[PDB]
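J.: Opening piece of the complex, as it sits:
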Amino acid sequence: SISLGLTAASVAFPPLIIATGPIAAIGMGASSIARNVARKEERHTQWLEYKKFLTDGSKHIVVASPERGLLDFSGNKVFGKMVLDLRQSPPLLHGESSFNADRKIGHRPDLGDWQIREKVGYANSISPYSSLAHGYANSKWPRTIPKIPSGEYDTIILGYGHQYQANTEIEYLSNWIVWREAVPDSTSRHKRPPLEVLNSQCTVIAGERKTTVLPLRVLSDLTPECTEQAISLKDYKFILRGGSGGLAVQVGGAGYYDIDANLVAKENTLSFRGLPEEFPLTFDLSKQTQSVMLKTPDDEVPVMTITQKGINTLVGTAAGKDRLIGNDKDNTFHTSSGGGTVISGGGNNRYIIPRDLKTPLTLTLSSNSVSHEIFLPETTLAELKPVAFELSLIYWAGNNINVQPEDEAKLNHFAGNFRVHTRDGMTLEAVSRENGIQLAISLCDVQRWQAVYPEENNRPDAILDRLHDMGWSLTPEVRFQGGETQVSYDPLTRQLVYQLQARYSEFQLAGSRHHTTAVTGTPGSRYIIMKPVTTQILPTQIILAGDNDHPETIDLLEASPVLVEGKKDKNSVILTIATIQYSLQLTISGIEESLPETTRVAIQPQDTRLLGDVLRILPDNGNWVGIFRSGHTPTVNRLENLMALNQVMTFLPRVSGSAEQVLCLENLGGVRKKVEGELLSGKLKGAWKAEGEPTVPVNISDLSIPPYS
């Protein structure tokens, strides 16, 4: 139950990169224990305080979690010159332990207590073992180098561990008649420091996989305590060597870093998210040696000195003004939310910029670069104002990115080399117009757009309509990404092509007055063309592919047609459909340059007519003859033949839309049929006799049918 309070729920798809390294406490070094010792007390009590500091500094040199693949060397305070080798299956840990010191014999770990006692000669050989200073001049508080369990490790937390020499003396306790290890008496001449520091270094050599190095964060805000702690540790030497998997360094906040990233690795991060959120950062990837200045009152202190090689994924601070300069190679810049400047050198450069920028961010485009992709993980397209003849990302509300080139004379360059992604997935592209360059849409991922705007209807026609609503210039060919089908549109010819390569795909099409609709059919594909909602709709074109094995089926039941007329020409049948008030027209074509003679169109549930049957009856000349006419009779809704005899238990399902069922009893025999019907559930209105005459009532007990009618 106590542990439950330290757990955190997972965050799904973080739109930006955050800091995940531990933050150092205040007073981690030997200054605090020095002040605790500064009070005038017994010497052996002072030494006991120092020894307790060493015991805690060595108690937790490493916490290993191979299940999650994490190693924590933040509790390392006394193990200096640490070297970690992740190349071996059990990682190799080497280093230097802190050790005691005698004014004359030095440190001698190989001896027992009696041997050192004889060497210095402070007690008699008859004195008990309890009278001697246990561990004098022969101890190492790390004791044995800890053994890391074999496992697969990808995150390494690095502490700031120094190796210490504990200069100690021998104190006589006459009243306790014992001999003890004590701190040297500084009043006696000038005695050696009670704790002297020797090494201020660390080293990690990464294996073959991707490794994340998170040094302890010491400059995590601008408070005087954190600032002074970081200024103390400003010369700590970090030596990082990455593998071919990739090395991601998240700098703690202070020290000397020497990063040697593998050039083969695809992505070598250098993240500064650990610094204070509002930190003025000025970094350059074309400089090997760089110092990260910190402005203290009246002075500058190089709180960092980074020497880097093989880095291509600079990550700026959280919300500070960052001046990032890139490299002549490919780069990826995770900018901060405080604005700044992101000069990007040659090669291919990608940029990830957040929303709500506290200051306009300026993107300078180098003349040597080739392509620039801008990702907006938190910005939707509706927040950008479509400015013509300008590539700058001008926001409707908020500070706007100011994309500029290095040279305006070659401003014409970069056309079609500037893709601005968006949280909804829609991708702008810098296409050169006749008298300038513009941002126009070419790619549009329907899945992410549906995710961000779920409530509104998601149909490609509605999508395009909405883009035309906002007044966004569009590319000569625009493609829709995702969905069961592929959609393309050409504004230059203003034509919509939709390909339903999915087999037996149930598809719904509504025409619009703003585009011509093109459909590519597949075997088994069914098009559910509903009642039109607008008039003056541009012509429709559907192409089938008949394989003579599994015929396509076309259903127009819910279209609610009134009059459908046909014509044929040039291996293509042009149909027109007139509803009660709307109208539409379509052309059926084929891929094999021949209209399939097996494809069936289901005009009514029991009226499925083969394309061949209509195909013969329609003349080769360009003349229209009706093929479906409601003006002959109401839309028959059921066609029951009379070969079935006796009890046949006819069930006719209810229907929400029509609210009127028409059952056609058809006789194929030459004998006048006389059926003794019976209503058990439902009501009848009578039998049709004429097209414009109301339903003639007739008794359901007697149903006489003429032959061949």
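T.: In hand now; what should we look at? Numbering: from 1, shown residues only, chains lettered A, B, ... in the order given.
J.: Okay, helices next: where are they in chain A?
T.: Here chain A has its helices, by DSSP state H, at A:31-38, A:43-59, A:113-120, A:224-232, A:446-452, A:460-470, A:611-617.
J.: List the contacts of the third one.
T.: Helix A:113-120 is touched from outside by A:102, A:104-105, A:108, A:111, A:123, A:125, A:129, A:132-138, A:170, with contacts defined as CB atoms under 8 Å, 6 or more residues apart in numbering. Yep, even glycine has a C-beta here, placed from its N, CA and C like the rest.
J.: circling back: which stretch among the helices of chain A comes nearest residue A:260?
T.: Residue A:260 lies closest, by CB to CB, to one member of the helices of chain A: helix A:224-232, at 23.9 Å.
J.: Any idea what residue A:172 is bridged to?
T.: Beta bridges link residue A:172 to residue A:179 when assigned by DSSP bridges.
J.: Would you mind measuring from the residue minimising distance to the centre of chain A to residue A:481?
T.: Nearest to the geometric centre of chain A sits residue A:13, at 5.3 Å (CA atoms, centre = their mean). According to CB to CB, to the nearest Å, residue A:13 stands 18 Å off from residue A:481.
J.: Next: residue A:673.
T.: In terms of CB to CB, residue A:673 sits 60 Å off from residue A:481.
J.: Please apply the same query to residue A:649.
T.: Taking CB to CB, one finds residue A:649 at 52 Å from residue A:481.
J.: repeat for residue A:681
T.: Distance check for residue A:681 against residue A:481: by CB to CB, it reads 52 Å.
J.: Likewise for residue A:553?
T.: From residue A:553 to residue A:481 the distance is 29 Å (CB to CB).
J.: onto the same structure, chain B please:
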Amino acid sequence: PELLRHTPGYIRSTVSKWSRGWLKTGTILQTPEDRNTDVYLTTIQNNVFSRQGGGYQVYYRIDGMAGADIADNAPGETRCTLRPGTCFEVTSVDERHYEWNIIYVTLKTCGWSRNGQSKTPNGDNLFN
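T.: Once chain B is put in with the chains from before, the structure reads:
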């Protein structure tokens, strides 16, 4: 109550991708936590056994129909509601009609097995 045993039940579902012969006899299947599984006792004219939707059409014939209560329906249609938490035993699946994307499955009564993942390897759940 009688026809709850003599009359077998029928179900139709759609699956995006089907693996040839991956189903074996004796496999345990389980319905998701739906309110009531709406099933149709007749498919000859109800138009549920007919091909509809994209992909493979998979058909179930429940020999054990008992345990389903009918709902408020217009007199003339047979529709029943099945309570979730039911064991299902898939048997007799053949793909001689592989190009027509038709799967035939035989079912019978089952007990309280409490196991059986219904999501196909491609991720499509059955009994929908």
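J.: Go ahead and confirm residue B:9 touches residue B:59.
T.: No. Applying CB atoms under 8 Å as the test, residue B:9 and residue B:59 come out as separate, 11.2 Å apart.
J.: Can you show me the strands along the stretch 501-650 of chain A?
T.: Using DSSP state E, counting those that start in this stretch, the strands assigned to the stretch 501-650 of chain A run over residues A:506-509, A:516-520, A:526-529, A:540-544, A:553-555, A:563-569, A:572-578, A:583-590, A:600-604, A:607-610, A:625-629, A:638-641.
J.: Quick one: closest of those strands to chain B.
T.: Closest approach to chain B among the strands of the stretch 501-650 of chain A is made by strand A:506-509 (5.9 Å; CB to the nearest CB).
J.: Residue A:421: neighbour count?
T.: Using other CB atoms under 10 Å in any protein chain shown, residue A:421 is surrounded by 20 other residues.
J.: OK, contacts around residue A:362?
T.: Residue A:362 makes contact with A:339, A:340, A:341, A:342, A:401, A:402, A:404, according to CB atoms under 8 Å, 6 or more residues apart in numbering or on different chains.
J.: does it have beta-bridge partners, and which?
T.: Counting by DSSP bridges, residue A:362 is bridged to residue A:341, residue A:402.
J.: Now do the helices in chain B.
T.: Ranges of helices in chain B, per DSSP H, are B:3-6.
J.: residues from it in reach of chain A?
T.: Residues of chain B lying near chain A by CB under 8 Å from any CB of the partner chain: B:42, B:45-47, B:51-55, B:74-77, B:99-101.
J.: Name the residues that touch stretch A:634-645?
T.: A:561, A:604-607, A:650, A:652, A:655, A:658, A:660-669, A:673, A:675, A:688, A:705.
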